[PDB]
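A look at the structure
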Amino acid sequence: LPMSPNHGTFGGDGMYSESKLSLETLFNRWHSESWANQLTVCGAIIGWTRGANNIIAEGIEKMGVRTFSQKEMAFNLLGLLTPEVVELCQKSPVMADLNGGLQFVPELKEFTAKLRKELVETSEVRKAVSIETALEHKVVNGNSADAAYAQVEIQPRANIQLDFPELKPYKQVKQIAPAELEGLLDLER
Amino acid sequence: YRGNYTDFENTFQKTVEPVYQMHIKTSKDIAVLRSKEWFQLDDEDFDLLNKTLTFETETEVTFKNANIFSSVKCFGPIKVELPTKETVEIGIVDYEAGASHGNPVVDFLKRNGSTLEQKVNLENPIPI
Amino acid sequence: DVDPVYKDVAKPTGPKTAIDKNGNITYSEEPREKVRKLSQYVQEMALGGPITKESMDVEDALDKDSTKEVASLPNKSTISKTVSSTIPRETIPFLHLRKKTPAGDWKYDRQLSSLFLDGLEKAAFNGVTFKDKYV
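Method information in the entry identifies cryo-EM as the source of the structure, with 3.60 Å recorded as the resolution.

1. Describing the pairing of strand β7 (residues 88-97) of chain B
All names here are of chain B. The pairing of strand β3 (residues 39-41) with β7 spans 3 bridges and is antiparallel. Each bridged residue has a counterpart across the sheet, and for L41 the counterpart in β7 is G91. Bridge count for strand β6 (residues 69-81) against β7 is 9 bridges, and the pairing is antiparallel. Paired with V80 across the bridge in β7 is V88. Counting the residues between successive antiparallel strands, the hairpin from β6 to β7 contains 6 residues, one of them, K85, with a positive phi of roughly 65°.

2. Quick look at the interface of chain A and chain B
At the interface, 10 residues of chain A touch 15 residues of chain B. Taking both partners together, chain A and chain B bury about 990 Å²; carbon and sulfur atoms supply 57% of that area. By the criterion of area lost to chain B, the three top residues of chain A are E132(A), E136(A) and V140(A), representing 49% of everything that side buries. At the junction of chain A and chain B, the tally comes to 3 salt bridges. Across the salt bridge formed by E132(A) and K36(B), the nearest N and O atoms sit 2.5 Å from each other.

3. What to know about the nonpolar core
By size, the foremost hydrophobic cluster in this structure holds 32 residues, and its most contacted members are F75(A), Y41(C), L95(C), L97(C) and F116(C). Every element with two or more residues in this core is listed here: α4 (70-79), α5 (83-91) and β5 (94-98) of chain A together with α1 (38-47) and α3 (110-125) of chain C. Of all the elements, α3(C) adds the most residues to this core, at 6 residues.

4. Quick word on the sheet that holds strand β2 (residues 42-46) of chain A
Strand order in the open sheet formed by 5 strands is β1(A)-β2(A)-β5(A)-β4(C)-β5(C), with mixed pairing between adjacent strands. Among the strands making up the open sheet, the edge pair consists of β1 (2-3) of chain A together with β5 (106-108) of chain C. As defined by bridge partners, β5(A) adjoins strand β4 (residues 96-100) of chain C across 3 bridges and the pair is classed as antiparallel. Residue pairing in the sheet places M95(A) in a bridge with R98(C) of β4(C).

Calculation notes
- Residues numbered from 1 in each chain as written, not as in the entry; some residues may be left out.
- Chains lettered and ligands numbered in written order.
- Part of a larger assembly, values for the part shown.
- Heavy atoms only, no water.
- Pairing = 2+ DSSP bridges.
- Helix = DSSP H or I, 4+ residues; strand = E, 2+ residues; numbered from the N terminus.
- Contact = heavy atoms within 4.5 Å.
- Buried area = accessible area lost by both parts, 1.4 Å probe.
- Salt bridge = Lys/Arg side-chain N within 4 Å of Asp/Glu carboxyl O.
- Core = buried A, V, L, I, M, F, W, Y, C linked by side-chain atoms within 4.5 Å.
- Buried < 20%, exposed > 50% of the residue type's maximum accessible area, 1.4 Å probe, protein only.

Below you can see the structure in the form of C-alpha cells.
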C-alpha cells in the first residue's frame, strides 16, 4: 500500500490526504477480521520521489534528508518482495518507511514554500535585471550593434534523392568476393 | 540659422535635465538601481528602502552627427527626501561613454523614476 | 538453470537545479558524487544523516571497463559482514521498517530494519529473483 507521510501537511490536494491515511486501518483489520490467511499487508510509506517539485529537490536535500529517483524508489519497493520480508509480513503486517528521514524536517509545507519563493524570486529578479540591462544597452549603442550581432539562419529544403547503390572503389569490392571469380561467370546468364 | 551646417566640431548640448524622483518600496528594484554603475554612493551601505530619492541630473553631450552623440556626459548629485523634509546628497550620477545614441540615465528615470510636475488636462478644453 | 535476477546497475542520480545569468531555472538528474552503484546507495541509506540521529568498500570497473564488469555478473559476491552492522547507535537509517508497540503506535525497530537492509544489500550485490511469483 502506497501510504504517504503527507496527512494534511501540504494540503490543497482534495481527499489524497484522507485516502492514504485510511489505507493504514488495514494493519488493525488484518488481526481483527478473517482475511489474514489470504492477504498479508506490507504498507510502504513512500518518500519524496522525483518524476513541479523537482526544482527544490536539491534545496530540501541540503537539510541532510534524501529524495529518491523513480529507479531508487522502485528498487526500495522491490526490496519489500524479497523472501525475507515476505516471511516477515506473513508472520505479522510489515510497516515500511521509505521517507528518507523527511518526517524529521519540521514545517515541511512552510520550508518547501520558503524554498520555492527563494528560487522563483532570484529567477524573476535576474530575468528582469537581464532584460532591463539589454534594453538600456540597445538604447545607448543603437539597434545597429544588435542587427550586426544577429545571425542569418538557413532552413532546409527537401532534396528527394533517388538512392542509387553506393559504388565502392574497385579495390574494396575485389576483397569481399573471392579473387577466383574474375571472368568465371558469364554475365549474359 | 537656416541652411546646411557641417558644424559637428562647434556643436554641444548642455541641458538641465528634469529632477526625476524614484520610490524604493521593494528590494528587487533597489537591486535594479544598484546594478547601474552610474549610481555612486558616499555610504555604500545606506539603506535606501522606503525612501524618495531625487536626481539633480544635468546632461552635457557632444555630437559627431545629427543623431549619434560623439560623447555622453551625465553627472549631478543624488539626494534622499528625509521624514523631516531636509534632503542630503547621498550619491553622485557619473555616466561617461563614447558613441552614445541617447542618455540611458535620463532614459532610466523616464520610465522607472517619475517627473515631479505632471500637468493634468480637462475632459473638454474650455474655448476661452 | 540459475533463476533470473532483478539486478539494477544504472548510475544513481541526485537533483541539480541551476539559475543561469538570464534567470532560467534548469533542473537535471546528475551523477551523485559519492553514490556510484546500488551497494553504495544502501550503505548511504544505512548510515542515515545528522537529523536521523535521535537521543565496507568494494573495487569495481563501472564507467571504465564494461567487459570485466560483465565478467563479475554471474560470480555471486559473498559478504564478509552485512551493512546492518554499520548502522550507527541511536541512528535511524533513511530506509527502516517500524514495529507496533504494546502502547498501540509504530516506532522504528532496529532488528526488522536490520533484516530489510541486509535483503537490499544482497539484491544490490547478487540480485533478488521473483521466479513463480504472480503480481
